[PDB]
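The structure appears right after this line, and notes come after that.
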2 protein chains.
Amino acid sequence: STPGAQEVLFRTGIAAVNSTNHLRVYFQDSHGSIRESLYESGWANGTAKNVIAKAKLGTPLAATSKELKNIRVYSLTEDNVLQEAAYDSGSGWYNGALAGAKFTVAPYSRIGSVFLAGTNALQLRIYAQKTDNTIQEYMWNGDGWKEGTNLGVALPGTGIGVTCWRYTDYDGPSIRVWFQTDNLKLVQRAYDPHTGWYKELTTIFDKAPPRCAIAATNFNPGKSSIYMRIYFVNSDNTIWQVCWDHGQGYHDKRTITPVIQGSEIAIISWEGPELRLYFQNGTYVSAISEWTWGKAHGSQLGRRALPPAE
Amino acid sequence: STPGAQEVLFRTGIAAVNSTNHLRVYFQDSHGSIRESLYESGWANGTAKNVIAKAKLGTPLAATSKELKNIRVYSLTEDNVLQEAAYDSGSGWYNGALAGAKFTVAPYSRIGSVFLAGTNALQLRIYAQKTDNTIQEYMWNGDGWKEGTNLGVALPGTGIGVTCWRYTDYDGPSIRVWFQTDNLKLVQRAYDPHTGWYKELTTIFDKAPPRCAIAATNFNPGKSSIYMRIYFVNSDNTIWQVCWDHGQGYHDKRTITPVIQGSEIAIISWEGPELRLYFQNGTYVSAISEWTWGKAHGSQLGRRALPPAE
Ligand SMILES: C[Se][C@@H]1O[C@@H](C)[C@@H](O)[C@@H](O)[C@@H]1O
Ligand SMILES: C[Se][C@@H]1O[C@@H](C)[C@@H](O)[C@@H](O)[C@@H]1O
Ligand SMILES: C[Se][C@@H]1O[C@@H](C)[C@@H](O)[C@@H](O)[C@@H]1O
Ligand SMILES: C[Se][C@@H]1O[C@@H](C)[C@@H](O)[C@@H](O)[C@@H]1O
Ligand SMILES: C[Se][C@@H]1O[C@@H](C)[C@@H](O)[C@@H](O)[C@@H]1O
Ligand SMILES: C[Se][C@@H]1O[C@@H](C)[C@@H](O)[C@@H](O)[C@@H]1O
Ligand SMILES: C[Se][C@@H]1O[C@@H](C)[C@@H](O)[C@@H](O)[C@@H]1O
Ligand SMILES: C[Se][C@@H]1O[C@@H](C)[C@@H](O)[C@@H](O)[C@@H]1O
Ligand SMILES: C[Se][C@@H]1O[C@@H](C)[C@@H](O)[C@@H](O)[C@@H]1O
Ligand SMILES: C[Se][C@@H]1O[C@@H](C)[C@@H](O)[C@@H](O)[C@@H]1O
């Protein structure tokens, strides 16, 4: 390993945001502080001078953004209250109002977060697991945090994946949420602007490891078309990918890359499509590694050890 | 899962002590508290009313005992100081003097602990990883905790296995310590009463997962003979066993049982030989399971879900 890599918590939560190939990655260090590494034509930071929040050890991490003008990063306090680190262009980093609402979740809860697409207004939906193991939606729509729709019972400590886009034909955001149920299946809940939340759980994988990491993204949204990618750590100790492609539905499942036992994962994407995965695969023991996909070279490992590791 | 199982921290540290088939198992709950489950012709306890200490989330755990008269359980504070929960017959549980010595270790350090065998006096040796990644020995011999021998550089966050016995022919304890080096090998350091600490690192396994759990025991010590068992989580997501048997040396390596990704492990034994392993394999998601070995039936899974899970 390296002195920098040692600062990164083993099996740390991971989250990432971007505006095309301008990237931010968030993770937890060994003392509980949440750090930010960035990519601006080169990787940097991720040091003790790059802390945006403090959370309990082994906290989940979630993040969403509107380009890089507005960024929100979610974690858990030591009392298992959802808290929010907020960045706004022109104001910098500050404590968000979420913790003020005093939403307590399960100790083993994960978090998902999305800005609602299709509008310039700042609307947020975040998802967590309450003490009754149900996946609760919490919302921001301009004046205060409120509980939203409850998405039903999930496995204790389930991973939570979430993505959001807007069909050109429709006037409102579409939302997809992925988690693991008691039968260890991976399933999808769905919201569309013209239907509201569908009742149907859609299975995307029959049997995954318990509390496996889950993360999802979407690209190339159209009039009534979408392409989605969902990633989870399978029992063979690699990240697996599930593909939704317009005109084919869920039509592919394949391994992507090795990871350490019990690695967390983050996924970002931009039009192209370009994909970036972040995870731990044992590089310098505890460093975060990058996996890439692009039209030019296809599936390629990226940055081997993110800052502060190198 | 079950409400009881949910209280058990995922990938919790695990430690166990015994006097023959009278057993104690220690683990961490989701709020950081260290609990004790027991076996006295039946499993019990492990509830919030059975807390013996409080430690940082994801703390290592180590424990050693002289039968069940004296028990010591070691963990890390949130400042990564070694602390000790102590039980003495007739006095019950109390804070041990270890934390008073203010030994700070690496955030990712593990702990090993042994009472020195062969004497009725209460002598302790405990092993941890300092911030320079060297494995430091700390000792108790009657009046105060002191740093002992340093065993050299190990992998950052290495597991630490340790066992202790007394050869009948010799007048002093023998000690064996196992950890993982930078080349991801598993190795042995050795102390004998007539030689002191040998200089030689002995390899017992060529390549294990980074920071894999490690735990060891011994049985049937003789005049100049010993039998040892070392357990670690391999890359196939099972516990593997390494056997030392008198007249054969290190002569066997085999899988034992499946475990969750990144499970910790504990091992106890008594004359027979009887062996008990404790670990997490996904039973009720987060419960601790038992694996057994005896002369009667050989390799058999034991208690599927320890208290408080059931
Ligand atoms: C053409 Se460099 C490629 O794309 C960048 C946006 C980053 O993901 C970098 O780590 C990767 O190696
Ligand atoms: C314009 Se400052 C730069 O860009 C923002 C998107 C944030 O990630 C901030 O922490 C970083 O220092
Ligand atoms: C302008 Se309030 C600021 O932005 C909102 C979108 C929310 O994230 C809120 O919690 C935060 O405090
Ligand atoms: C206008 Se309904 C409101 O916004 C939607 C996008 C969903 O988050 C729904 O659950 C919530 O109740
Ligand atoms: C047409 Se390749 C297909 O779509 C890409 C965008 C990637 O998700 C790749 O892993 C998948 O196999
Ligand atoms: C003859 Se029961 C057998 O031995 C006991 C000492 C315990 O380890 C128990 O869980 C196991 O099932
Ligand atoms: C004689 Se009390 C019983 O036995 C001791 C060995 C301890 O494990 C204690 O916590 C338990 O309640
Ligand atoms: C009679 Se002091 C008691 O017992 C010793 C063996 C040590 O574990 C010490 O730290 C503890 O406070
Ligand atoms: C009488 Se030397 C003392 O006790 C031995 C058993 C070892 O722990 C050694 O490292 C220590 O320095
Ligand atoms: C003579 Se079986 C041999 O020794 C036993 C005590 C156990 O460790 C078993 O796993 C091993 O295969």
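Think of each number as a place in line: the chain as shown, counted from 1.
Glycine residues also receive a Cβ, built from the backbone N, Cα and C atoms like all the rest.
So that you can see what the record holds, here are the features copied from Swiss-Prot:
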- B:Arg24, B:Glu36, B:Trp93: beta-L-fucose 1 binding site (BINDING)
- B:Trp43, B:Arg276, B:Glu290: beta-L-fucose 6 binding site (BINDING)
- B:53-102: repeat '2' (REPEAT)
- B:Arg72, B:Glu84, B:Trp145: beta-L-fucose 2 binding site (BINDING)
- B:103-150: repeat '3' (REPEAT)
- B:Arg125, B:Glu137, B:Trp197: beta-L-fucose 3 binding site (BINDING)
- B:151-208: repeat '4' (REPEAT)
- B:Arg176, B:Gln188: beta-L-fucose 4 binding site (BINDING)
- B:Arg229, B:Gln241: beta-L-fucose 5 binding site (BINDING)
- B:256-310: repeat '6' (REPEAT)
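This view paints the features noted in Swiss-Prot onto the structure.
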residue: B:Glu36; record: beta-L-fucose 1 binding site; DSSP (3 states): strand
residue: B:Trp43; record: beta-L-fucose 6 binding site; DSSP (3 states): strand
residue: B:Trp93; record: beta-L-fucose 1 binding site; DSSP (3 states): strand
residue: B:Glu137; record: beta-L-fucose 3 binding site; DSSP (3 states): strand
residue: B:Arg176; record: beta-L-fucose 4 binding site; DSSP (3 states): strand
residue: B:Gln188; record: beta-L-fucose 4 binding site; DSSP (3 states): strand
residue: B:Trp197; record: beta-L-fucose 3 binding site; DSSP (3 states): strand
residue: B:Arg229; record: beta-L-fucose 5 binding site; DSSP (3 states): strand
residue: B:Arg276; record: beta-L-fucose 6 binding site; DSSP (3 states): strand
residue: B:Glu290; record: beta-L-fucose 6 binding site; DSSP (3 states): strand
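Secondary structure at B:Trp145 (beta-L-fucose 2 binding site), taken from DSSP and collapsed to helix, strand or coil, is strand. Checked against ligand 9, the binding-site residues B:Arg24, B:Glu36, B:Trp93, B:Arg125, B:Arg176, B:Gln241 give B:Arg125 as the ones with a Cβ under 6 Å from it, listed in sequence order. The DSSP breakdown of the repeat '2' (B:53-102), given as helix, strand and coil counts, is 4 helix, 26 strand, 20 coil.
Apart from B:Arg125, B:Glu137, B:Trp197, the beta-L-fucose 3 site neighbourhood in this chain, defined by C-beta within 8 angstroms of the site C-beta centre, holds B:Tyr127, B:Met139, B:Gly148, B:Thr149, B:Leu151, B:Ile175, B:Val177, B:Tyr191. Spatially, by CA atoms, the binding-site residues B:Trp43, B:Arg125, B:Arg176, B:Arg229 include one closest to B:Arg24 (beta-L-fucose 1 binding site), and that is B:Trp43. Here nothing among the binding-site residues B:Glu36, B:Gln188, B:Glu290 falls inside 10 Å of the CA of B:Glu84 (beta-L-fucose 2 binding site). Same-chain neighbours of the beta-L-fucose 1 site beyond B:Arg24, B:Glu36, B:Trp93, judged by a C-beta within 8 angstroms of the site's C-beta center, are, in sequence order, B:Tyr26, B:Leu38, B:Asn50, B:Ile52, B:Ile71, B:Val73, B:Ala85, B:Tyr87. Ranking the binding-site residues B:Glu137, B:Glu290 by how many other Cβ atoms lie within 10 angstroms of each Cβ puts B:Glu137 at the bottom.
Residues B:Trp43, B:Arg276, B:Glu290 make up the record's beta-L-fucose 6 site, and a Cβ search at 8 Å around their centroid adds B:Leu23, B:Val25, B:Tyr39, B:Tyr278, B:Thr292, B:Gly302, B:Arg303, B:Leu306 from the same chain. Close to B:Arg125 (beta-L-fucose 3 binding site) in the fold, though at least 6 residues off in sequence, lie B:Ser113, B:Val114, B:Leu116, B:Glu137, B:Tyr138, B:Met139, B:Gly148, B:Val162, B:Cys164, B:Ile175, each with a CB less than 8 Å from its CB. DSSP places the residues of the repeat '6' (B:256-310) in helix, strand and coil in these numbers: 0 helix, 24 strand, 31 coil.
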